[PDB]
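In: coords please:
(8 chains, ligands or ions: 2)
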Amino acid sequence: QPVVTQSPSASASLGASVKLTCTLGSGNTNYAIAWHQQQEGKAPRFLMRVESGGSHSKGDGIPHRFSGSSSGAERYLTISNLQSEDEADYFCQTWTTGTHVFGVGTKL
Amino acid sequence: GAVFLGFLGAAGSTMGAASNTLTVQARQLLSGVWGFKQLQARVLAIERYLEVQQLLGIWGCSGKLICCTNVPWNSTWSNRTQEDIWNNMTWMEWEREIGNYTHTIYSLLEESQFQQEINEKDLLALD
Amino acid sequence: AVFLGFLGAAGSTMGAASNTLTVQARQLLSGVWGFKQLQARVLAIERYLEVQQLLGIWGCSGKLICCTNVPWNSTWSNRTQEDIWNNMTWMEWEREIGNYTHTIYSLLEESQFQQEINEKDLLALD
Amino acid sequence: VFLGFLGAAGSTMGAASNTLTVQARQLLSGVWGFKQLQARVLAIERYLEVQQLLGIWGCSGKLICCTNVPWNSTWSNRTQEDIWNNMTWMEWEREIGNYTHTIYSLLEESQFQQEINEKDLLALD
Amino acid sequence: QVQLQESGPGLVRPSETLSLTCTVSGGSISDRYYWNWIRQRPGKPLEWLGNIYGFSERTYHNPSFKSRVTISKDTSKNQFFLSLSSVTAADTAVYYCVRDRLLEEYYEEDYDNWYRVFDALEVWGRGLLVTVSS
Amino acid sequence: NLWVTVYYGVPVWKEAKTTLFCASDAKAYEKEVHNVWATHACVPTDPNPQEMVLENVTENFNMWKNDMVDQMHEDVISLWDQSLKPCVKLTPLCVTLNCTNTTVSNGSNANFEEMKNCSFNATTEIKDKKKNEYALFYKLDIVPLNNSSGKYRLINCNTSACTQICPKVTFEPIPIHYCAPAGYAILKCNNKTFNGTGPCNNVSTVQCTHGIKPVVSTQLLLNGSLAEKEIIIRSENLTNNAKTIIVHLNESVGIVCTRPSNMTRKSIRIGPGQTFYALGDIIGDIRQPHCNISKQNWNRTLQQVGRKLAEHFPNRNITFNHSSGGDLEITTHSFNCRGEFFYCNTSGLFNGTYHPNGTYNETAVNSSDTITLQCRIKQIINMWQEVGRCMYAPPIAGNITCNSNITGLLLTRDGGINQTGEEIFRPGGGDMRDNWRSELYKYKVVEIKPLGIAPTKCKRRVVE
Amino acid sequence: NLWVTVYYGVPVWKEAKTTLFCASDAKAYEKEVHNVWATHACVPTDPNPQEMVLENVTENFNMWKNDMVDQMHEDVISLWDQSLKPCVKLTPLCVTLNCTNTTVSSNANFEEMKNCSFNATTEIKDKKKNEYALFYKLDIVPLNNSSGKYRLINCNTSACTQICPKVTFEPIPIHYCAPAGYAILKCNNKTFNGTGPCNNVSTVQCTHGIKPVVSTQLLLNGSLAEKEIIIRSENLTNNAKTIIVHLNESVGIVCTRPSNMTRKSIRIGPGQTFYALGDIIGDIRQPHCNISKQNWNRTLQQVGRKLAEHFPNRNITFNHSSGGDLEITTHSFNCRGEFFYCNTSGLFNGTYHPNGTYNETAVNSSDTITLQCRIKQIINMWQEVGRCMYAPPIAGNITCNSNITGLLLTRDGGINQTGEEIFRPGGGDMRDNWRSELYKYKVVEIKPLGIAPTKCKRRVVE
Amino acid sequence: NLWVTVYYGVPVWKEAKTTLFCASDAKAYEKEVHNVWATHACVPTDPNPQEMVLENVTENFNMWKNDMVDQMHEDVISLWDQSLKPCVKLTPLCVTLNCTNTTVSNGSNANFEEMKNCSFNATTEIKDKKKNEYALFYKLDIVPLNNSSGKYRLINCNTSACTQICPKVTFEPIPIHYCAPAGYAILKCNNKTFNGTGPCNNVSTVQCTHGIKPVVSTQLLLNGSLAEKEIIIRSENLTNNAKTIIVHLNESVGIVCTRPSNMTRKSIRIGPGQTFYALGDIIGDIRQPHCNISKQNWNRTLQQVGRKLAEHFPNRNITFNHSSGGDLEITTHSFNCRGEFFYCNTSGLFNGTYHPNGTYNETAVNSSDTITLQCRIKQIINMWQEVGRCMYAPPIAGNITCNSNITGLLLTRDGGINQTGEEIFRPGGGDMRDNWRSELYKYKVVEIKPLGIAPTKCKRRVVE
Ligand SMILES: *[C@@H]1O[C@H](CO)[C@@H](O)[C@H](O)[C@H]1NC(C)=O
Ligand SMILES: *[C@@H]1O[C@H](CO)[C@@H](O)[C@H](O)[C@H]1NC(C)=O
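Out: Numbering: from 1, shown residues only, chains lettered A, B, ... in the order given. Ligands and ions are numbered 1, 2, ... in the order given. Sure, the structure comes next:
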């Protein structure tokens, strides 16, 4: 069960571009992740899937302004053209073969 | 005379003319998947030269290309005169006509040759 | 004769075997099985050439019976010619002088090589 | 006779003239099985190729044999004294390597000429 | 696309157990492999309770928790259930039933016995307001 | 008084059969075991070989009972089998295939039903793990397993386990020489109008053969040698309709074509250390492989061969008809083109008829008009006319274009007994030795007998 | 004043070892590579081979250290592997079997074959299809204690291939011949055993037709002796070495397998198939062998007569084999591609007393010894478990007719036992099957160089 | 007036190439096919071979273009491939491995991370049933097994089908003699200070070569033949850095080491009829392999090597450094011991520098001291630097030991163009053929031409 850590909060100015990150920590860091988004109630949404080499897997209705990258044990997510509805909780999770650990997330 | 011709040269020429070009043929004798075939081909050329040279060895013509013998020719093998033999036919027709009697002729040259040496040692044993 | 009798008159004496030299040299030289057959053919070539090489160096290139200038040594045998050619066969004679064959073979080479060098001097006088 | 293979190679021209029989004795003397089979057949080819050349030249068993072709002064300008007692077999075959083919061919024609006229001499009786 | 609609006793005054339901619209539950279940309580991060397979019925319930979760297959009428025994007052949570993505990689325990690798959660849908109070 | 003499080195030859070794030219010593024919072991012959033109001699040739072509067959089966031993086998590919129609991007609805997108179970390098993989397979290589099912399987699965051609080797038709050993000679004829059987008035001896290129075909001879004087019609028995008729043309007919698709090679792993290459996808549209034959150049060749067939079959109407049908192997002109096996129906070639009386000027036919030929690709090939071993053809990774020349035709006659008048000639690859008998027809291996005996007046000299 | 002369082509020879090539008449130009022995590559010898009997010569012989027997053994291992390489391997066959009581459309003699059903691979890899086949009791083991499932015996020692039906291993006679420069010597004394001098030595270009027959206890369809029964052994006193007995009078043997069993074609994968037993049409009858009582009694009577001189004043008794492994306990042979392992209990059931009467009128005629035995279709050969073979069945009943040639006997020789001498059969080595055939041959090398003193001298030119 | 004469048996030779055959003493008639090098087929040479010294002869030698070495390298490929075909393969072994820390009994916490206790599913004698099993494998032979893995797999699963060495046969370096057929001679130089290229003033003929042993090594040549006079430096081009330098010492340095542990030889069954062997268990304490070399022996040797390079590199400072790094195959000293393949990190051996002026007497160095060389065991080996070979070394029960000398070193030079003054020499196995170059440096194969012609005063007589 890989455990992922993240900063409790992020600070940014309105109209700028946010750079969201979450750090991966385990004995083997080769496990892939997949980002999500949690709005206020209703139902959270699935956004994209990350693998080794930055294999973008934006499945359902994702524009081309959600690029990402990896750097060692921590992966970088780049978001451009922020909007008022873009503020939410983003979760990064692992798969393995059981015990989905999920992520703490960051709230803006 | 015409010694510098090609291989098998003067094959269609007369019997007498072909006697002057007997050296061109003698030189050309003895001149994975492909390796076994080449090895078989390389081996096959050895006894082909060796089988012929065995016959010349037992006839006393070990090194001589042209040599006489002591056996007498029989008129039943060929009757035609020497003028018509050396000047009217090729080596193709001569071997074909006497191809029936080749096995018989090979026997007489042996008997004469071993006769020529046992009487020779008696001559050398007189001193 | 018409030969084709291999190893004939083996039990006859050496004197009577003087006329029985024709039937021996004639017979010589004349896939799992293919490889063994190929080995059979090359072995016969080596056996025939080994004998032929010894004949050539001794000067007996084509002579079935040939005489040499080296003399026999009494240390090898004392048997008279009457008891040699009319009393015992070829099989026993090779066994008796089998140890000395190596020394005898060396004597053949020296004498024949001597015949070439002095003949060249004789032919160089004119 | 006590000398051996390739003996007196660095010696003079005429010193090796009496040391010719020792080399002729040395002639004709599974991954490994095929190579040994190839080794044996190649040694036979080397020996028979030499023996064929001496056979057609008339020196079937002769070790030193005189011929009838004349030596050409263009091939060599050195005298007999400066050839037979000054150099070795290494350099001799090196300098006349250009003319080996011509001498082999000229000697073949002369030897065949020696037999055709000989046969006519025996036909006079 | 597929749609997931959940119904059941969201408001439970006597707290003994809890049973839930998710109707599936579009692709049948029997086909398209895995399906999942997700809890979410108001204030603490969401958790995973168990797993169900489509074809071979290989249930990967949460190894951290003991035998407290049960999944029905209900392949006959395109349905799957959820039942948890002995609900605690701290189990007041919102439940999400999930379908997974298609990464066709099949491993093997025994001869002619294959199973697919787990995948990222894909679809998700709505929710039910649950207030377990007594 | 005459006595026997012995002559050595006489020019006497006797017919015999023997083995021959390979020979080639030192065109390129580069590459690593790329050549299937293995010309590395083939000894170079001569920059200027020795040929002697014999005369006063007539020799009878019979190439229909020749050991040259039969022995040359025995090599080709050995060379092909030797080069395919260190190659992977397609045994794991015998799996259920989920096949459907191919997909084309934005940018013909009766021409794309040839290649089917297929997905199947695929074991990875660790054996006990399967992942889904997809590849493009041709229609001719799949059998739909069971009736009323959308699942297919490979055709060659149930016949015999069969392997793949390794991409590291190539089998372009490099010319090769087969050269006789010492003591054996090969006789070459030189009569221009010499058919299969007959005496040759210009027999010439050679050390051994000239450049012969091994080309496999069934209906038309490709890039072969050209005749000198005119067209010769050759047959073992012209009155027998069951024996193929070989026609040699002195005018070269040029065929040029390609398969117009740029397809990426995709590497698919099916096991530990085993990998095979299949079609990845299609870039652009889907278009069928076509081949061009010039109209003016074709019947001008067909009219000349039409006239020559009139001499052997007097006052009979001569027509050319398409193949009878049946299996795909012999019905269509099967050839090779940069490692891809083509199959083109020749229905647009053998269509017309020949009238001995009339006019056949070239200006009646318009120029710059080419005959299109529909060609189909099949990468599961069984040959030698038997269900034996496969030779799987890998993708090309590009767009191959290959230019060739038509050398001769392999024609067969119906030979109707009750039918009278019109004569129908139909192409047919009954046996594939005839693809090669058109190159060794003027060759015959002979054995040299250097022994000759004749009486003479000379007498041996006996010592006294 | 004697000098030295050289005679070329002298009749003197020296013993040596060399390779030999096969030779056989091209009786069947058809049947492409059908013969396992590969007689197609073997050159025909001669319609009338040249023979030369040598007089006034005596040569020693020793068949025990003969190189030809080893060389013949060195070939037959290679010919078998050559013909079995392009054949299908039966690795996927080694799966779980479900066998049961055989159902017939005699309740104590029908338990030799079991109706087994095993999972099989169809033309596609992923799908499997139920199939059934018949296997003998001898080829199956019950896997685990107290289980209803079985497995083949050869799935835990080596991979097993099958003999392809396209090749037939019938014993076509072949000739082993030496190259040029070598000859072989043939003895002619009818009472000549393995070691001794031969006073009628004759030379031959190469040996006569030899039938390669694999057998353990009895020699079949072989050559017959001329004078009498000849017993050859390396050391009579040593009981650890076998004893070979040659019979000059042959006795008829009739072994048959009466049953018409369908040859069913079964598939075990893509391009992989073998042949098994389909079903039984009729009654299950065990195979049997036919041996005449009077002929076998007369044979066993005379062999004890000659054995009395080698062991004087000792009683001679015949007893069955000790037991143990089935490979050497019973008499194994072949019949139309089917292997037989037959208990020879009814043959060695007697004792010879040197004093008495043994007239043949007392024995009732038309009496037959029936030899109850079974068929084993998975065979390990050459007495080492490194290779496996699978013999396909033959449709319909089969029969074979042959005449017994020799006996393979071993002596126990009890140290504390006096009087009676116990003889037991035993196939201690398989080379003995051919030592009884090559007992009159020896490879020798020819040396045509001979020298002798004489009075002649080479003339020198002056 | 002069005439041409013919001399037969003349002592003249011409350079060429030919095929050779092995030869070795029949020391052990037992141990059927137990030797990989197949010394049984090798014919014994002679109890006392014929070595004869030629005089007044000069001949050039160059082993950098010698066919003698090239034939030897081609053989070792064939000798290894012949003895590995009748062996079981490790294809069924490629399954998922559950590896965990090695458990040690009661009786080093930073050194035991070398062996892992791996468990996997292996097929029993029946294909349908599977039973779990355990085995020990080195860390160098396993990989993290890609994404979504908490388990391991073998290294060469996704490269090629990987075979196993049979335990019935052994490959100790038995010396062999390469010998020439009749008519072929092998020359032997005898000058003690003869480098790679140059005429030899003491050429001596021989029937064939002396005892040559095939030893596989990368950095240090083991148990070889010592030099006669002094250390000699051999290189094709000293100024070229890309070409290796061979150093041949006249003094041997003793290297001995063990693999200290008792390994139980466990028999495990995979597939029907295949059994391979692996490490069973641990009895005692796990200790790493280590090879010791005497301080005074190695320090003295490097001094003469440094000053010998000083003449070839005048006015330059010479220092010795460790390997560059990267792949483990060439950065370490890989050698053979009992059949277990070692990989010793050679870094402390080249731990010094040489100066032209200074004091380096032996009294300063303290005796009985040694350098410990860390080594790692790799039982799965790819040889000849090609992607299609395996030699799985089965473990041997009990600890192993070896005793060998140090004879040759393989050195490489950096040669920075901008760098001036000091220069660095590093060890590196650039070519595998270089190992046999240190034993075939004085040998050359040559033909014999017994035909000679020269003018003379004798004339052939003609009969009249
Ligand atoms: C065809 O595909 C190749 C390979 O991807 C590509 O390079 C090329 O541009 C494409 N188009 C043409 C016209 O070749
Ligand atoms: C055995 O069955 C076959 C197949 O029906 C039949 O032809 C044959 O006659 C039967 N044998 C006997 C002896 O009835």
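In: where along chain E do the strands fall?
Out: E:3-7, E:17-25, E:35-40, E:47-52, E:69-70, E:79-85, E:94-99, E:105-108, E:114-116 (DSSP state E).
In: how about those strands, which one is nearest residue F:227?
Out: Comparing the strands of chain E against residue F:227 with Cβ to Cβ, the closest turns out to be strand E:105-108 (62.9 Å). For the C-beta atoms, the positions are set from N, CA and C on the backbone; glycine is no exception.
In: What strands line up against that closest one, and which way round?
Out: Strand E:105-108 sits in its sheet next to strand E:114-116 (antiparallel), strand F:129-138 (antiparallel), going by DSSP bridges.
In: Buried residues, it. List them.
Out: E:105-108 (16 or more other Cβ atoms under 10 Å in any protein chain shown).
In: Now find how far off-centre that strand is within its chain.
Out: Distance, stretch centre to chain centre, for strand E:105-108: 22 Å (Cα atoms, centre = their mean, to the nearest Å).
In: Quick check: the residue of chain B nearest chain D.
Out: Nearest to chain D in chain B, going by Cβ to the nearest Cβ, is residue B:63, at a distance of 3.6 Å.
In: wait, what's in contact with that residue?
Out: Contact analysis of residue B:63 by Cβ atoms under 8 Å, 6 or more residues apart in numbering or on different chains lists C:61, D:55, D:58, D:60.
In: Doesn't it belong to a strand?
Out: No: according to DSSP: H, G, I helix; E, B strand; the rest coil, residue B:63 belongs to no strand; its state is coil.
In: so how far is chain F from it?
Out: For residue B:63, the distance to chain F (Cβ to the nearest Cβ, to the nearest Å) stands at 10 Å.
In: could you redo the buried residues of strand E:105-108 as a markdown table and give each row distance to residue F:146?
Out: Output for the buried residues of strand E:105-108, formatted as a markdown table (distance: Cβ to Cβ, whole Å):
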| residue | distance to residue F:146 |
| --- | --- |
| E:105 | 28 |
| E:106 | 23 |
| E:107 | 29 |
| E:108 | 26 |
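In: Show me which of the residues you listed is closest to ligand 1.
Out: Nearest to ligand 1, judged by Cβ to the nearest ligand atom, of these is residue E:105 at 27.4 Å.
In: Show me what the closest one bridges to in the sheet.
Out: For residue E:105, the beta-bridge partners are residue F:131 (DSSP bridges).
In: any idea how far stretch E:6-19 is from the chain center?
Out: On the basis of Cα atoms, centre = their mean, stretch E:6-19 sits 16 Å off its chain's mean C-alpha point.
In: in it, what's buried?
Out: E:6, E:10, E:12, E:18.
In: Give me the residues contacting it.
Out: So stretch E:6-19 is contacted by E:20-23, E:81-89, E:91, E:95, E:97, E:125-134 (Cβ under 8 Å, 6+ apart).
In: how far does that stretch stretch from start to finish?
Out: One end of stretch E:6-19 sits 11 Å from the other (Cα to Cα, to the nearest Å).
In: Could you do stretch F:89-107 as well?
Out: Using Cα to Cα, the two ends of stretch F:89-107 sit 39 Å apart.
In: ditto for stretch F:406-419
Out: With Cα to Cα, one end of stretch F:406-419 sits 32 Å from the other.
In: Show residues contacting that stretch.
Out: Around stretch F:406-419, the neighbours that count as contacts under Cβ under 8 Å, 6+ apart are F:218-226, F:240-249, F:252-255, F:305, F:423-430, F:434-435, F:438.
In: Excluding chain neighbours, give the residue nearest to residue F:423 in space.
Out: With Cβ to Cβ, 6 or more residues apart in numbering or on different chains as the criterion, residue F:423 has its nearest non-adjacent residue at 4.7 Å, and that residue is residue F:316.
In: no, scratch that, I was asking about residue F:196
Out: With sequence-adjacent residues excluded and distances taken as Cβ to Cβ, 6+ apart, residue F:196 is closest to residue F:234, at 4.4 Å.
In: Would you agree the one you found is in contact with residue F:246?
Out: Yes: using Cβ atoms under 8 Å, residue F:234 is in contact with residue F:246, at 4.9 Å.
In: between the two, what contacts are shared?
Out: Common neighbours of residue F:234 and residue F:246, using Cβ under 8 Å, 6+ apart, are residue F:438.
In: Just give me the neighbour total for residue 18.
Out: With no chain named, the answer covers chain A. Other residues near residue A:18 number 18, with proximity taken as other Cβ atoms under 10 Å in any protein chain shown.
In: was after chain F, sorry
Out: For residue F:18, the count of nearby residues is 17 (other Cβ under 10 Å).
In: Isn't it up against residue F:446?
Out: No: using Cβ under 8 Å, residue F:18 makes no contact with residue F:446, being 9.5 Å away.
In: Determine the residues that are contacts of both of those two.
Out: Counting by Cβ under 8 Å, 6+ apart, the contacts common to residue F:18 and residue F:446 are residue F:184.
In: how about the helices in chain A?
Out: In chain A, no helices are defined using DSSP state H.
In: For the spatially most central residue of it, name its beta-bridge partners.
Out: The centroid of chain A falls nearest to residue A:35 when counting by Cα atoms, centre = their mean (3.8 Å). In this structure, residue A:35 bridges to residue A:48, residue A:92 when assessed by DSSP bridges.
In: sorry, back to before: give me the subset of the contacts of stretch F:406-419 lying in strands.
Out: Judged by DSSP E, the contacts of stretch F:406-419 include F:220-222, F:245-249, F:252-255, F:423-427 as members of strands.
In: What are the boundaries of the strands in the chain?
Out: Answering for chain A, as no chain was given. Applying DSSP E to chain A gives strands spanning A:3-5, A:19-25, A:33-37, A:45-50, A:68-71, A:74-78, A:92-93.
In: wrong one, I was asking about chain B
Out: Under the criterion DSSP E, chain B contains strands at B:66-72.
In: Single out the residue in it that lies closest to chain A.
Out: residue B:32 (45.3 Å).
In: Neighbours of that residue, how many?
Out: Neighbour count of residue B:32, defined by other Cβ under 10 Å: 12.
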